[PDB]
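Data block below; observations after.
All heavy atoms count here, side chains included; hydrogens, waters and symmetry mates do not. Counting convention: from 1, in listed order, for ligands and their atoms alike. Reminder, nothing fancy here: chain letters follow the sequence lines and each chain counts from 1.
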Amino acid sequence: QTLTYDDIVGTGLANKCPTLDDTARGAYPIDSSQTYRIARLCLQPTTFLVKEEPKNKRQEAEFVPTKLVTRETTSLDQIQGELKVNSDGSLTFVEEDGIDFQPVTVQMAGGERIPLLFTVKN
Amino acid sequence: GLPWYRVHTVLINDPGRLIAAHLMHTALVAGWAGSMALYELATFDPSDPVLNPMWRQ
Ligand code: CLA
Ligand code: CLA
Ligand code: CLA
Ligand code: CLA
Ligand code: CLA
Ligand SMILES: CCCCCCCCCCCCCCCC(=O)OC[C@H](CO[C@@H]1O[C@H](CS(=O)(=O)O)[C@@H](O)[C@H](O)[C@H]1O)OC(=O)CCCCCCCCCCCCCCC
Ligand SMILES: CCCCCCCCCCCCCCCC(=O)OC[C@H](COP(=O)(O)OC[C@@H](O)CO)OC(=O)CCCCCCCCCCCCCCC
Ligand SMILES: CCCCCCCCCCCCCCCC(=O)OC[C@H](COP(=O)(O)OC[C@@H](O)CO)OC(=O)CCCCCCCCCCCCCCC
Ligand SMILES: CC1=C(/C=C/C(C)=C/C=C/C(C)=C/C=C/C=C(C)/C=C/C=C(C)/C=C/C2=C(C)CCCC2(C)C)C(C)(C)CCC1
Ligand SMILES: CC1=C(/C=C/C(C)=C/C=C/C(C)=C/C=C/C=C(C)/C=C/C=C(C)/C=C/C2=C(C)CCCC2(C)C)C(C)(C)CCC1
């Protein structure tokens with residue numbers, strides 16, 4: 001059931017993160033004696049919001065929803081790093097390397113394009 | 001001939017050309033309304049209906 005490039009190419013699924021089925025409500029034991037790492041961190045953005053700047057200083061400056069104009073070029077994928085287990089029991093992902101940036105342009109009402117480097121660099 | 005202020009009196013007994021002149025007037029008024037709206041859209045700032053509404057602009 002595993003897909004190939006000729007199945008995926010030009011469908012938009014290459015910009016998608018993999019999904020887990022609804023049944024996978026389980027739990028993953030972190031053995032404190034053993035080290036861990038992340039083989040692949042994918043991030044697929046669905047919604048980009050931009051905060052307006054009302055020229056008033058005060059007022060309701062809320063995040064307005066925007067329209068993506070740079071197409072299915074948005075996901076960060078193939079990110080690797082070490083998942084440490086700390087002293088106090090917490091896990092800290094340190095990001096090492098991957099496709100960890102995408103330039104994204106979204107467009108507000110009025111036509112203002114907003115370019116951003118959507119990233120999780122370091 | 002006709003004086004300048006009477007040039008349009010040629011339409012008085014010509015219903016086909018009266019209709020044509022009325023159609024041309026209607027084309028001019030409808031064309032004004034579109035071009036006025038496009039001019040206003042090109043200049044209207046929609047970003048503040050509280051202190052910069054349409055009637056201030
Ligand atoms: C529905 C409105 C309407 C219509 C269809 C007519 C139609 C007519 N008028 Mg009348 N009239 C009207 C309203 C109207 N009038 C109004 C409101 C006034 C007072 C201002 C008059 C005062 C008047 C006089 C004193 C005379 C007429 C005459 C005429 C006839 C010839 C027009 C002509 O050849 O001028 C041709 C016009 C020009 C060559 C140039 C005119 C340029 C003007 C002065 C300024 C520019 C106008 C601008 C382009 C348009 C803006 C439109 C505006 C409503 C926003 C024609 C039957 C004449 C007549 O009865 O002949 C027997 C005549 O002597 N009219
Ligand atoms: C609603 C507008 C309108 C309509 C449908 C008519 C229709 C008619 N005109 Mg009349 N007329 C008008 C307005 C109008 N006129 C205006 C504003 C003037 C003063 C210039 C006249 C002066 C006039 C004369 C002297 C005569 C007519 C005549 C006639 C008849 C024949 C066509 C012709 O020769 O026109 C002539 C052509 C024009 C009038 C062109 C209009 C010129 C104006 C300035 C508009 C030009 C557009 C321009 C690109 C805009 C520039 C924008 C600027 C900001 C840069 C026809 C019934 C003739 C007739 O049958 O008499 C017996 C005739 O001899 N008209
Ligand atoms: C019974 C059918 C009928 C209908 C539907 C109309 C309707 C109209 N006539 Mg009238 N008229 C009639 C009978 C009718 N008339 C008869 C029997 C006579 C004696 C011959 C007249 C004499 C007359 C004169 C002298 C004039 C009118 C004008 C008008 C128009 C004024 C409003 C306008 O232009 O809006 C704006 C228009 C629109 C928003 C678009 C409308 C699109 C139309 C309805 C469809 C176009 C396609 C269609 C096949 C063309 C023929 C329609 C025709 C029956 C009107 C309107 C369309 C005036 C006119 O023509 O103004 C320009 C005008 O000067 N009529
Ligand atoms: C209720 C709405 C209404 C009515 C009743 C009229 C009536 C008329 N319009 Mg129309 N018009 C309208 C709305 C209307 N308009 C709108 C919304 C637009 C878009 C801006 C136009 C654009 C338009 C154009 C481009 C023309 C007309 C013309 C006419 C006249 C055609 C008949 C004629 O020969 O008169 C004979 C002329 C007169 C009776 C003189 C009318 C004087 C007017 C009422 C005011 C005086 C203006 C002043 C002298 C100069 C203004 C400043 C200057 C720097 C422009 C008639 C008076 C035509 C015209 O006037 O042809 C010569 C013409 O060319 N109209
Ligand atoms: C085909 C259908 C149609 C539709 C749906 C529209 C729609 C519109 N027009 Mg446009 N328009 C049209 C054709 C149309 N137009 C045509 C053919 C012309 C050339 C004449 C125009 C010229 C025009 C201008 C100049 C403007 C519009 C504007 C508008 C907008 C506001 C309407 C408004 O405030 O009117 C108000 C209408 C009235 C108050 C109607 C008054 C009717 C009188 C009182 C009737 C009196 C006589 C009656 C026969 C008496 C007997 C009644 C009986 C029942 C007892 C709206 C989007 C406005 C706009 O926003 O432009 C961007 C504007 O400025 N239009
Ligand atoms: C800024 C400056 C430059 C602007 C340029 C714009 C272009 C116009 C310039 C050319 C003028 C040509 C007119 C003379 C030629 C001719 O004979 O007349 C052609 C016809 C009659 O045909 C005619 O008919 C005649 C008989 S009769 O009138 O039918 O009885 C007969 O003599 C003839 O053979 C036949 O051809 O007469 C006209 O139409 C009237 C003159 C034209 C008026 C120009 C107005 C501008 C157009 C409207 C634009 C606004 C529209 C917006 C709304 C939609
Ligand atoms: C949007 C596009 C607009 C289109 C542009 C068209 C604009 C049209 C311009 C028309 C103006 C016409 C003027 C015609 C002028 C003209 O032709 O006069 C002569 C004309 C008399 O003509 P008759 O009927 O004798 O016919 C002769 C014919 O050959 C006329 O065509 O009188 C009228 O037109 C009546 C108006 C009296 C106006 C007379 C005013 C003179 C007073 C002087 C005031 C100044 C001094 C003041 C000091 C205090
Ligand atoms: C048909 C055109 C009508 C023009 C509309 C005038 C609006 C004036 C306001 C009302 C006062 C009327 C008293 C008039 C008295 C009156 O009743 O006149 C009636 C007269 C027609 O009368 P008769 O057919 O009896 O003709 C008398 C002539 O034969 C002269 O003896 O009409 C005119 O002469 C129209 C011309 C007026 C011309 C006005 C000058 C227009 C100047 C426009 C300049 C514009 C700048 C253009 C920039 C682009
Ligand atoms: C053909 C055709 C077409 C086109 C059309 C067009 C494009 C049109 C346009 C039109 C237009 C674009 C028009 C406009 C008009 C305008 C006008 C008509 C105006 C008027 C004005 C006046 C009248 C004014 C006056 C005055 C002054 C100047 C100053 C102050 C005072 C007063 C306000 C009085 C189409 C493709 C669609 C379809 C098919 C065919
Ligand atoms: C079929 C055919 C044809 C067609 C033709 C036609 C039909 C044309 C028409 C044309 C037209 C019909 C034109 C028109 C013109 C117009 C004009 C020229 C106008 C102007 C206007 C103005 C100038 C504006 C102004 C304003 C206003 C009014 C308000 C707001 C502001 C403003 C300033 C913007 C041809 C030959 C191609 C070829 C093939 C066949």
Q: Considering the heavy atoms of B:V7, write down every atom of ligand 1 situated less than 4.0 Å from one of them.
A: 34 (O), 36 (C)
Q. Is there at least one protein heavy-atom neighbour under 4.0 Å from atom 14 (C) of ligand 1?
A. no
Q: Output yes when the distance from some N or O of ligand 1 to some N or O of B:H8 is under 3.5 Å, and no in every other case.
A: yes
Q) In the hydrophobic cluster built from side-chain contacts under 4.5 Å, what are the other members alongside A:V50? A) A:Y28, A:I30, A:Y36, A:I38, A:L41, A:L43, A:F48, A:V64, A:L68, A:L76, A:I79, A:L83, A:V85, A:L91, A:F93, A:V104, A:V106, A:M108, A:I114, A:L116, A:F118, A:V120
Q) Looking at side-chain heavy atoms only, is the closest gap between A:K84 and A:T92 below 4.5 Å? A) yes
Q) How many angstroms lie between atom CG of B:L2 and atom NE2 of B:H8, to the nearest 0.5 angstrom? A) 10.5 Å
Q | Closest approach of any protein heavy atom to atom 23 (P) of ligand 7, naming residue and atom | A | B:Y5 OH, 3.8 Å
Q | atom 36 (C) of ligand 1 [closest protein heavy-atom partner, distance rounded to 0.1 Å] | A | B:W4 O, 3.7 Å
(Q) Looking at atom 32 (O) of ligand 7, tell me if a protein heavy atom falls under 4.0 Å from it. (A) no
Q. What protein heavy atom sits nearest atom 16 (C) of ligand 7, and how far off is it?
A. B:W4 NE1, 3.9 Å
Q) Is there a protein heavy atom at a distance of less than 4.0 Å from atom 33 (C) of ligand 1? A) yes
**Q.** Identity and distance of the protein heavy atom lying nearest atom 61 (O) of ligand 1
**A.** B:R6 CG, 3.4 Å
Q.
Among all the protein's non-hydrogen atoms, which is closest to atom 57 (C) of ligand 1, and how far away is it?
A. B:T9 CG2, 4.8 Å
Q: Kindly indicate whether the side chain of A:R37, heavy atoms from C-beta on, has any atom under 4.5 Å from the side chain of A:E96.
A: yes
Q) Going by the order shown, which atoms of ligand 7 are within less than 4.0 Å of some heavy atom of B:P3? A) 30 (C), 31 (O)
**Q.** atom 27 (C) of ligand 1 within contact range, any protein heavy atom under 4.0 Å
**A.** no
Q | For ligand 9, the residues whose heavy atoms come within less than 4.0 Å (ordered by chain, then number) | A | B:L28, B:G31, B:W32
(Q) Any protein heavy-atom neighbour for atom 44 (C) of ligand 1 (distance below 4.0 angstrom)? (A) no
Q. Just by distance, with hydrogens left out, do A:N15 and A:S75 show a side-chain donor and acceptor under 3.5 Å apart?
A. yes
Q | Top protein contact for atom 31 (C) of ligand 1, by heavy-atom distance | A | B:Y5 O, 3.6 Å
Q) Are any non-hydrogen protein atoms located under 4.0 Å from atom 12 (C) of ligand 7? A) yes
(Q) Taking atom CG as the centre, does A:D7 end up with more than 12 heavy-atom neighbours from other residues, nucleotides or ligands that are less than 6.0 angstrom away? (A) yes
Q.
Using a 6.0 Å cut-off, check whether atom CG of A:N86 has over 12 heavy atoms from anything other than its own residue.
A. yes
Q | atom 1 (C) of ligand 1: any protein heavy atom closer than 4.0 Å | A | no
Q. Within a distance of under 4.0 Å, is there any protein heavy atom near atom 65 (N) of ligand 1?
A. no
(Q) Looking at atom 18 (O) of ligand 7, tell me if a protein heavy atom falls under 4.0 Å from it. (A) no
Show the atom names and distances, to 0.1 Å, of all donor-acceptor pairs under 3.5 Å that link a side chain in residues 49-57 of chain B to residues at least two apart or in another chain.
{"unit_1": "B:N52", "atom_1": "OD1", "unit_2": "B:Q57", "atom_2": "NE2", "d": "3.4"}
{"unit_1": "B:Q57", "atom_1": "OE1", "unit_2": "B:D45", "atom_2": "N", "d": "2.7"}
{"unit_1": "B:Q57", "atom_1": "NE2", "unit_2": "B:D45", "atom_2": "O", "d": "2.8"}
{"unit_1": "B:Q57", "atom_1": "NE2", "unit_2": "B:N52", "atom_2": "O", "d": "2.8"}
{"unit_1": "B:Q57", "atom_1": "NE2", "unit_2": "B:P53", "atom_2": "O", "d": "3.4"}

Q. Roughly how far, to the nearest 0.5 Å, is CD1 of B:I19 from CG of B:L11?
A. 11.0 Å
Q | A:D88 CG: over 12 foreign heavy atoms closer than 6.0 Å | A | yes
Q: Would you kindly confirm whether B:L23 and B:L28 end up in one hydrophobic cluster when ILVMFWY residues are joined by side chain heavy atoms under 4.5 Å apart?
A: no
Q.
With a 4.5 Å cut-off on side-chain heavy atoms, are A:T119 and A:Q102 touching?
A. no
Q: Determine yes or no for a side-chain-to-main-chain donor-acceptor pair under 3.5 angstrom, with A:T73 supplying the side chain and A:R71 the backbone.
A: yes
Q) Measuring to protein heavy atoms, does anything land under 4.0 Å from atom 10 (Mg) of ligand 1? A) no
Q: Mind jotting down which residue pairs meet the side-chain hydrogen bond (donor to acceptor under 3.5 Å, both in side chains) criterion with at least one end in residues 42-66 of chain A? Sequence neighbours excluded, please.
A: none
**Q.** Side chain proximity check, A:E112 to A:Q107, heavy atoms < 4.5 angstrom
**A.** no
